[PDB]
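Below is one structure; the comments refer to it alone.
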Amino acid sequence: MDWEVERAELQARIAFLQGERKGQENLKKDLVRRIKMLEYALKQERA
Amino acid sequence: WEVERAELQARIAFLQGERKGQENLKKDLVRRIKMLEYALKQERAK
Amino acid sequence: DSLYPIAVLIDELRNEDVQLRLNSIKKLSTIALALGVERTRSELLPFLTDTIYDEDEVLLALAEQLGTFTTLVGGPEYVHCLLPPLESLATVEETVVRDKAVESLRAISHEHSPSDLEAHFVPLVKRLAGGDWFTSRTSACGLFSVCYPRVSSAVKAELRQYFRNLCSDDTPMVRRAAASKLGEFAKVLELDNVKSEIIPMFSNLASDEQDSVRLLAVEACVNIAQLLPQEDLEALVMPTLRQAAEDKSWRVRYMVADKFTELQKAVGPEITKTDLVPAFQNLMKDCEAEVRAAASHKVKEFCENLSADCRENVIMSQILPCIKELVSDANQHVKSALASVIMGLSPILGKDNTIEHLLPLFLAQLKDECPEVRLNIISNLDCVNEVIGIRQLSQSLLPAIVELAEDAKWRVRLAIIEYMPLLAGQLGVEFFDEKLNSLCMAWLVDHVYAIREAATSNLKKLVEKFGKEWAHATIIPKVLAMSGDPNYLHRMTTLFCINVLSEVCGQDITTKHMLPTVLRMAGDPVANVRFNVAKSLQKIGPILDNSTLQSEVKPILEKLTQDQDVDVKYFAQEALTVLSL
Amino acid sequence: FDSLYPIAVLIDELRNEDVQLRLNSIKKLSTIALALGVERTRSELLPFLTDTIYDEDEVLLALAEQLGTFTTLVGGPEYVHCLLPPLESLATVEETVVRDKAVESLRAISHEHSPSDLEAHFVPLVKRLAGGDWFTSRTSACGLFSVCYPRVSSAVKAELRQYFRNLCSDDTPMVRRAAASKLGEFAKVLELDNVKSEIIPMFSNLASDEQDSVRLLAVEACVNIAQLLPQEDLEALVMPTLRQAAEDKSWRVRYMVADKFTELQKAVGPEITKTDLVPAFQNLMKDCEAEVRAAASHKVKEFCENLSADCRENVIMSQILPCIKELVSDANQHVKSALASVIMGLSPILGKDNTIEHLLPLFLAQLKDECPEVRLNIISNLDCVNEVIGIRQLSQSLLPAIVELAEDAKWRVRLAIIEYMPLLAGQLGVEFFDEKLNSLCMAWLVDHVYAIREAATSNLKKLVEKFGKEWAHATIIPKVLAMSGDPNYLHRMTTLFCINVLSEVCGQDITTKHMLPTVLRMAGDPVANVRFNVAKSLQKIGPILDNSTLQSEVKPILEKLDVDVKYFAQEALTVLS
């Protein structure tokens, strides 16, 4: 029809965004770890 | 009865907003990483 | 370049997304760790002190962060550099930012050398105590107990008098803070200063012009009583506590009622006997109902901590008639609060005294119109059970259980079925089988349907407690003879009992004694019983085995499927769909 | 803590299911190496990356790129020689872009080896790759020869020369192609005696191979070799190979010489060009394959001005112009357009007189060509001859061609020129029109084919859109107004159609004064279809505001207000008011 074809498009959009969303989230997870890794390294270099 | 057409729209708007926020948060995170890199290089030299 | 740990932070704070600045402050330790220690003290903390303005959550994150900076600024020797910005945050209008700044201040107090305590911390306490706006004074109140113990006698005196000036402030808003920290501050004071200055402030704040400060002082009273030695407690604390017990704010009388057992086991048994008992009686007759609620709410433990020598005497002489009139109280929360604890007085009065005086009160409590009073009376039954024996307990339960079970009303008979299992779980099965099972059977042939449902589901609970074989003994013979009944409703009730008992009694019991009976009812003249037979067979089916199922169940469901009644056909095939095919 | 040891961090980032999170892990390997320092980057990181990594193309490429930059992060150039084992592993993998990124990184960190350790660790790597079992190693080695040769001892220069010679006589065509490509890059670092001794034999051997893929890439390196040899010995060695390459039976090789022809010419100077290279250009323009012919045709102007000036003109006329004379009427629509793009630049090279006598027939022939690219490429480069010949001498010589294919029988041809009329008026200029053109545009308007008339009204619109309301008012508007009112009633309708499309570019004053009185005079005409389009026409004008005269438009419009006429008039008056 005309109203149900748009709903599938909308669902497809939400599906794609969801996949990308997860990656980005657990990418930030690694980034913070890296700052922690650098923090610790700096802490050792002062000693 | 196709009120679902508006809630799906709200979901898409929310997801796009979060995508924007997390991306330009990752920007600040990378900046912090570089800041620590620079501090470490200087502390490593002397 | 632009990777300078301060330039980075400025740019972080310029962003508009509030959560981004929040995540910037939350990880401020990274910025200082980049700066090091010299540049942290020199450059960062001035930037944070003078000029930083944001929404309350960011300020609170900053106050949190500053408490952990002791190491990031040079160890204890330099911890005092953290003091400027926190003081700004202790003067903010928002209560949670202030309270977290005070938190961090108390935290880093102990990381000060006493020299640094006198040099930088105590002057900040005085600054905050003498602020023009009350937020400064409220923040100052919380900072006294942490710096007093490690500072010279002269500064101890200064602190004592600044605190005195806070307790007499013109704003109730900081008199309240003083009354809050009163006990926390008296616990760090020498005994002659708590007799000399704490006690007068306690008496002045406890009789203040605001209900709030009065209740806060009587709160910080339980700590006060535990600091003087017994004789001093009387002269000092007891006039104030007596005055509180007759306060005009019912909130303060509630405060006295709620802290009561702590007050008796802080004040010592002698003067509890002297003063708390009469004040307890006056609290059980209190106009406002919540005071009576708290007073009854703390009866068992109050009497358990009385002087061992006079318990019986005092309990019978003055406490018991107050409970006899609290049983007939007007409020339902008073009645139920009493009912939750009136049980614990049987191990205290011993078998005979409990039988004579507690059983009337217990039965009258069971006669109350509440799903909360009655429930509370039956919930806690084992303490009085092991004090007065199972026989003498059930001696005075059946002439009450039966009176409600066979009552003229409709809600009453249903009301006591809900708590029939737990009454029977504890309190013996051998008791159950004599008289208490005839009521559980007569339940099932009640005119009203709700009682019948209650009893049918009750049966499952009873077989949970008592066992498969007890159910085999007493219930199933009486459930199958119910099937033989001219009224078809009871023939239906047999099916419902069989399927609620089919999930508890295992395969053997259900196959042998209940499948022959269920299959005979399939023949029944009334159509309702027939389609219910199909429904019951559908429910029983799963627990059965295949060989008996396909040999005896499936042919009878097939014979039901052609019934020239649309409902029997529908339900017989729904059964066959779930089971056979 | 133990979970922050950068090695453990990299590991726990590498057990991710997603590849983008391992790619963004290896792309920031700089950070892991910098956190480990330089002692542990060698102690444990490089051993980790050398043997353990087996992943997809995307990751290994970034790993090669990162190893390319790790010189400072590894301890400086005294320790650079430890970046070699993992990049060696990567220089043999199956995926090709990872091999080439690893080779690029190896050549980059070559400069960081001091000659003493260059001989020690970097050259044995090139040896190992040049002798590997599977050929990918050998193509990588071909990449590695040129970079390290010059700064190494003379004995190992000889050894490397031998290993490269071995690679050029390899069994597999893939290795031979690689070496053939890198032949010029290697020749640039050799001493001239060794360029004649070793390079030119391998050059002739590859250019005389069995596969065409290698002959193709050896004639490519020919231009680098010819630049390294003096013009005297150049003839003996390079020209046999080059001449046989120009006559190779594979059109791919002949295409390569045609492509690098303007460069080969500058490489061998102007003497050998005149001798043997010009006839090779001639028979390459007469080549049996079309795609070689087009590549040669592109190189005519670049070749002509790059000739010895004394012999340049004589040779151009005698040797190159007949071949153009036949190439203008080639069969492939690509050769023609390729030569059409560049043949215009031959005009300042020959002079006004020679261009008129010998070049103008060729440009006029390629103007009438049916292909649109040939025509457009000719018109695009008309200023090139406009400055050599003159606007008068040029307009006077193409006007016959414009009128030739203006009165051509095929309606497609006439439409093709109406298409290009305004951009051919962009370079003819405001003047040097009028004459018999304007007459051509009017004869377009009276044409039978409707597409021609529609394109010609839409042509007058763009033709005053480039010269101006003043020019239109001076020369076009009278010829248009003269057509309104004439026997054949269809011409009145076309007059009003062009007036409609014409009012869209001229300000109110010029459109009003001269278009309204004759639109209304011709509107009083008896025929109903002419008045019908009159009403439709005043509708579209309207919009150009007339307000004070708009009303004076509404009153004769009501006067005219046979059923079709009334439909159009009522619709116009409703929409206007």
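FYI, residue positions are counted from 1 along the chain as it appears here.
The deposited model was determined using X-ray crystallography, 3.3 Å.
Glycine is no exception: its Cβ is also placed from the backbone N, Cα and C atoms.
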If you check Swiss-Prot for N6-acetyllysine, which of D:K274, D:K513 comes up? D:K274
Cα-to-Cα distance of termini bounding the 4-residue gap, D:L561 and D:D562, in Å: 10
Same chain, 6+ residues apart, C-beta under 8 Å of the C-beta of D:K274 (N6-acetyllysine), given in sequence order: D:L307, D:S308, D:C311, D:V315
Would you mind listing the long-range same-chain contacts of the repeat 'HEAT 5' (D:156-194), meaning Cβ under 8 Å and 6+ residues beyond its ends? 119, 123, 126-127, 130-131, 135, 138-139, 141-143, 145-146, 148-150, 202-203, 205-206, 209, 211, 213-214, 217-218, 220-221, 223-225, 228-229
State the residues, same chain only, that lie 6 or more residues beyond the ends of the repeat 'HEAT 6' (D:195-233) and have a CB under 8 A from a CB inside it; answer 'none' if no residue qualifies. 161, 164-165, 168-169, 173, 176-177, 179-181, 183-188, 240-242, 244-245, 248, 250, 252-253, 256-257, 260, 263-264, 267-269, 271-272
Cβ contacts under 8 Å made by the repeat 'HEAT 9' (D:316-354) with residues that lie 6+ beyond its boundaries: 278-279, 281-282, 285-286, 290-291, 293-295, 297-298, 300-302, 304-305, 307, 362-363, 365-366, 369, 371, 373-375, 377-378, 380-382, 384-385, 387-390, 393
Determine how many residues of the repeat 'HEAT 6' (D:195-233) DSSP places in helix, in strand and in coil. 32 helix, 0 strand, 7 coil
Tally the residues of the repeat 'HEAT 11' (D:394-432) by DSSP class, grouping H, G and I as helix, E and B as strand, and everything else as coil. 29 helix, 0 strand, 10 coil
For the repeat 'HEAT 4' (D:118-155), DSSP counts of helix, strand and coil? 28 helix, 0 strand, 10 coil
